[PDB]
C-alpha cells in the first residue's frame, strides 16, 4: 500500500510503489486542492467548466487526478477508485498525474494526497 503527494506542477507525474498485476483489485482515495493556473483551486475531479485545450487525459476535467499503469494511456482517478479492476493487458507501475496540457505545468500549484492499496482478490 502506498501513500504520497502528487504535485500539480509535476508533468512527468508521481511514480508509486504499486505495480498493478493481472487480476489485481485496487482502491484509491485522493484528497486536496490544486490549480492548473488560476488563483482558485479545485479538488481531484478538476474544473468542470474548463474546455479541453489538449489535456493528457481527455476523459477527465482539467485539474483532475489521472494515472498511467505501465505503458497505458491515461485513466481517470478523480476522487478515487473503489475495488477497481483494470482492462485486460493493462499492467505495470502506477504513475499518478495531474491532468493538464503538456508544457503548461509550470504555472500549476498545490497537490493531492493519495492512498492506493490492493484489495482481496
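Residue numbers count along the first chain shown, from 1. In this text, rigid core is short for the largest set of C-alphas that superpose within 1.5 Å between two forms.
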Name the stretch that deviates more in 9 other deposited structures of this protein: 55-63, or 85-93? Use RMS CA distance to the shown form, core superposed. 85-93
Taking the recorded C-alpha temperature factors, which stretch has the higher mean, 86-94 or 39-47? 86-94
Per the coordinate record, which of the options 27, 71, 74, 79 holds the highest CA temperature factor? 71
Compared with the other modelled residues in the chain, in which third is the CA B-factor of residue 14? highest
Going by the entry, which third of its chain does the Cα temperature factor of residue 111 land in? highest
